[PDB]
Amino acid sequence: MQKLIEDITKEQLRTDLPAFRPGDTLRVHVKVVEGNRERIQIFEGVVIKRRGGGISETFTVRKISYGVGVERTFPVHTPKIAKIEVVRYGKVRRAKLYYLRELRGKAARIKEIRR
RNA sequence: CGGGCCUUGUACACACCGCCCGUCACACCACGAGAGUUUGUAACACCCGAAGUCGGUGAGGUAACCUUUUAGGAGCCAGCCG
Ligand SMILES: [Mg+2]
Ligand SMILES: [Mg+2]
Ligand SMILES: [Mg+2]
């Protein structure tokens, strides 16, 4: 990729994010604005993908909520995320965990790493 | 044709101008059948699997106790797994 696009966008890259990879469990603290009030909704879930480069990098987290799978895809460097905290590092064998979309319950379990 | 007497059969006794059977028509009621539709009951097979007990683990943590004292150790426990 152009150094020029890299240079224009460098200022908007967040530095405060922890290293995570697909299979890690995050709590993503999302700024939310229902009404005029501002509050933090937490989205806890498995990272199922992380694609793209630089300011365009996104990640997707998946949770089962009330018996329904939910995925939220965020720009890595969105200012709408207050913070990300890694709950547990998973042991997976690939970059994209789309096979989890078809699994529920015990079949959908990811082993932890001592990282 | 009307009547009299004996006898006999009779489901007749308003007493044969008696009684009475089945369809058909009409109304109402209950019931059966009926392409189906719908509601519920008790099971069964498989999938999934909470809580909890129990059994594994426990590289993590750990007032009481043993050895010793800045300690290991025992036992305990979170978590994990069945
Ligand atoms: Mg990548
Ligand atoms: Mg005479
Ligand atoms: Mg009927």
Side-chain angles (χ1 to χ4, degrees):
Chain A
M1 186 190 316
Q2 266 283 14
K3 185 181 158 62
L4 186 65
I5 301 292
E6 289 170 9
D7 291 358
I8 301 153
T9 58
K10 256 190 292 184
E11 61 177 286
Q12 296 211 316
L13 298 176
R14 300 193 77 187
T15 55
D16 62 347
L17 298 174
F20 62 90
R21 68 178 69 180
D24 300 353
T25 307
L26 306 182
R27 291 164 189 294
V28 177
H29 297 248
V30 175
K31 292 152 70 177
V32 166
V33 186
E34 64 182 358
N36 289 252
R37 301 200 316 108
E38 157 55 57
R39 49 167 283 244
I40 285 164
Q41 196 182 22
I42 297 179
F43 191 97
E44 192 182 355
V46 191
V47 179
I48 68 165
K49 80 192 284 188
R50 168 159 195 178
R51 70 147 294 294
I55 201 69
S56 293
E57 194 171 15
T58 58
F59 71 106
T60 296
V61 286
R62 180 181 172 67
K63 80 182 186 150
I64 311 301
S65 149
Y66 296 93
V68 174
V70 183
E71 292 177 17
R72 287 243 52 221
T73 303
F74 300 99
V76 162
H77 306 282
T78 184
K80 227 75 180 286
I81 291 170
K83 57 167 178 181
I84 300 181
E85 49 197 47
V86 178
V87 175
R88 43 190 291 263
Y89 298 98
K91 205 275 181 169
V92 295
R93 288 287 253 127
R94 57 192 76 264
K96 310 282 188 281
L97 305 185
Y98 305 135
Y99 68 87
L100 292 176
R101 292 171 177 165
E102 276 60 62
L103 304 177
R104 307 293 283 275
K106 302 254 274 203
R109 292 183 304 166
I110 292 166
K111 280 189 172 179
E112 194 164 348
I113 300 184
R114 311 179 202 170
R115 185 175 283 168

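Letters A, B, ... mirror the listed sequences (proteins, then strands); counts begin at 1.
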Mind telling me the pucker class of B:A27, north or south, from the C1'-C2'-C3'-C4' torsion? north

On a whole-Å scale, what distance lies between the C1' atoms belonging to B:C76 and B:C48? 35 Å

Could you check how far OH of A:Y89 sits from P of B:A59, rounded to whole Å? 21 Å

Is the backbone of A:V28 close enough, under 3.5 Å, to the side chain of A:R72 for a donor and an acceptor to pair up by distance? no

Please report the distance separating the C1' of B:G75 from the corresponding atom of B:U67, rounded so that it comes out in whole Å. 14 Å

With the stacking criterion set to ring centres under 5.5 Å and planes under 30°, output yes or no for B:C28 and B:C29. yes

May I ask you to classify the sugar pucker of B:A59 as north or south from its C1'-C2'-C3'-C4' sign? south

Do B:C20 and B:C21 pass the stacking test of six-membered ring centres within less than 5.5 angstrom and planes tilted under 30 degrees? no

Among B:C81, B:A59, B:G49, which nucleotide sits nearest the side chain of A:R109? B:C81

Pucker family (sign of torsion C1'-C2'-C3'-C4'), B:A45: north

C1' spacing across the pair B:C20 / B:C12, given as an integer number of angstrom: 11 Å

Is the CZ atom of A:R115 crowded by more than 12 outside heavy atoms at less than 6.0 Å? yes

Which whole-number value in Å describes the distance from A:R114 CZ to B:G58 P? 10 Å

Base paired to B:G2 (Watson-Crick or G-U; both N/O distances under 3.5 angstrom): none

Wobble or Watson-Crick, both distances short of 3.5 angstrom: do B:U70 and B:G9 pair? no

Tell me whether A:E6 at atom CD has more than 12 heavy atoms from other residues, nucleotides or ligands lying less than 6.0 Å away. yes

Just how far, in rounded Å, is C1' of B:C80 from CZ of A:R88? 10 Å

Using whole Å, what does the distance between atom P of nucleotide B:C80 and atom CD1 of A:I113 come to? 17 Å

Can you see a Watson-Crick or G-U wobble pair between B:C44 and B:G40, using both distances under 3.5 Å as the test? no

Over 12 non-hydrogen atoms of neighbours within 6.0 angstrom of CZ in A:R21: no

Go ahead and name the base partner of B:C80; Watson-Crick or wobble counts if both distances stay under 3.5 Å, otherwise write none. B:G56

Consecutive-base stack B:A11 to B:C12 per 5.5 Å / 30° rule: no

Considering only the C1' atoms, how many Å lie between B:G34 and B:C24, rounded to the nearest integer? 27 Å

Between neighbours B:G49 and B:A50, do the six-membered base rings sit under 5.5 Å apart with planes under 30 degrees? no

Output yes when A:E44 and A:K63 qualify as a salt bridge under the 4.0 Å nitrogen-oxygen rule, no when they do not. no

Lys/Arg cation over aromatic A:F74: A:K80, 6.0 Å, 45° cone: no

How long is the line joining NZ of A:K111 and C1' of B:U57, in whole Å? 13 Å

Between A:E112 and A:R104, name the one whose nearest nucleotide on RNA chain B is closer to the 5' end. A:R104

Using the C1'-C2'-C3'-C4' torsion, classify the pucker of B:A64 as north or south, with positive meaning north. south

With north meaning a positive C1'-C2'-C3'-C4' (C3'-endo side) and south a negative one (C2'-endo side), sort B:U53 into one of the two. north

Give none if B:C47 has no partner; otherwise give the nucleotide forming a Watson-Crick or G-U wobble pair with it, both distances under 3.5 Å. none

When you compare B:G60 with B:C54, how far apart are their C1' atoms, in angstrom units rounded to a whole number? 24 Å

B:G4 and B:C16, which share atom name P, separated by this distance in whole Å: 14 Å

Adjacent bases B:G58, B:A59 meet stacking criteria of 5.5 Å and 30°: no

B:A59 and B:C81: how far apart are their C1' atoms, nearest whole angstrom? 16 Å

Least distance between heavy atoms, A:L17 atom then A:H77 atom: CD1-ND1, 4.4 Å

Using the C1' atom on both, measure B:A74 against B:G61 and round to a whole Å. 16 Å

Does a side-chain N or O of A:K106 approach OP1 or OP2 of B:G82 to a distance below 4.0 Å, or not? yes

